[PDB]
Structure formats: C-alpha cells, structure tokens
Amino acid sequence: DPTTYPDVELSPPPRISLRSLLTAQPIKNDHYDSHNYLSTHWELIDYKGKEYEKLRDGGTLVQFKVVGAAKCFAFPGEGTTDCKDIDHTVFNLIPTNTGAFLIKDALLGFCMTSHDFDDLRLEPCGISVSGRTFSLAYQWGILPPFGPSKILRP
C-alpha cells in the first residue's frame, strides 16, 4: 500500500483448508461444487475490528474468506455469508502447545467443535481456555489447501 519500500510488492492473503483434527474433514464453502477442490479453500484474513475485545481471550480474530468473492464462512453455514456480517463471520484463533488451534466465535466466545463426520457445533467452553487441555473434537488444523500442487524445483 503506501509502503516506504515500494520495491517490496504487497502479498495476498494465505490460502488454507480448515480441518477438524478429529475427523480430518475440511470446512467447505458453498461457492463451488462440493466436487470441486476449490470448495475446501479459504483465504485467511485478520479481523481489525475492536467490537470483540472483551471475549477475545488472547486469541487472534480472523475471517475465512471465499477465494475471489466477498463471502466468508459463517457458523450455521449452509454456506457463506457477507463478510460485512461480522457477528457471524468473525472467528478467534487460540494457540496450543501442539500446533493445533481452538477456534471460537468472536461474538459469543463459544468453541467450534466437531465430534463426528459432518458434525459441527458451537458450544460454551467456559470464560477462558488458557492452560486447559482439550480433545481432538475441539482442535483444528490450519493446513495447505486441499487439491493439486507442484513440487518446487530450485
């Protein structure tokens, strides 16, 4: 943007697949055919707003945006909704000692969990999760986007 160093080109948001560590099932968007791998891709963008600070719990507020559209993952997600609808599209990344992530909704401070295939829920996990340990149901992996890829050669 108005960087002091224009020689350094701005970088686009990172592409990821959000998988439950229990089922290894990726969170899908409704923008592509569920048969299309692009249906498992999201852009990780940080939320800069300040209306969720009281329950942030030391986590990092983010949004999972559809690639090439102004739509974001929303919890009771048939699919996605307006990125402008923060109350339903803003999530909270909570770090762990293993590299897995606990993900809470910014609004309620509830934990997103998956107990089995196609099972996705938002349940109260207390006032704070710091120092507490959780099972795979509460864990999410922010991994490479599902699909094809090419080996990088030097």
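In this text, residue numbers run from 1 along the sequence as written.
As listed in the deposited structure, the average C-alpha B-factor of 38 to 46 and of 116 to 124 is greater for 116 to 124. Just going by the entry, 66 to 74 versus 87 to 95 on mean CA temperature factor gives the higher value to 66 to 74. The PDB entry assigns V129 a C-alpha temperature factor belonging to the middle third of its chain's modelled residues. Per-chain ranking of the deposited C-alpha B factor places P154 in the highest third. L102 sits in the lowest third of its chain by CA B factor, as recorded in the PDB entry. Placement of the Cα temperature factor of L61 within the chain: lowest third of the modelled residues, per the deposited record.
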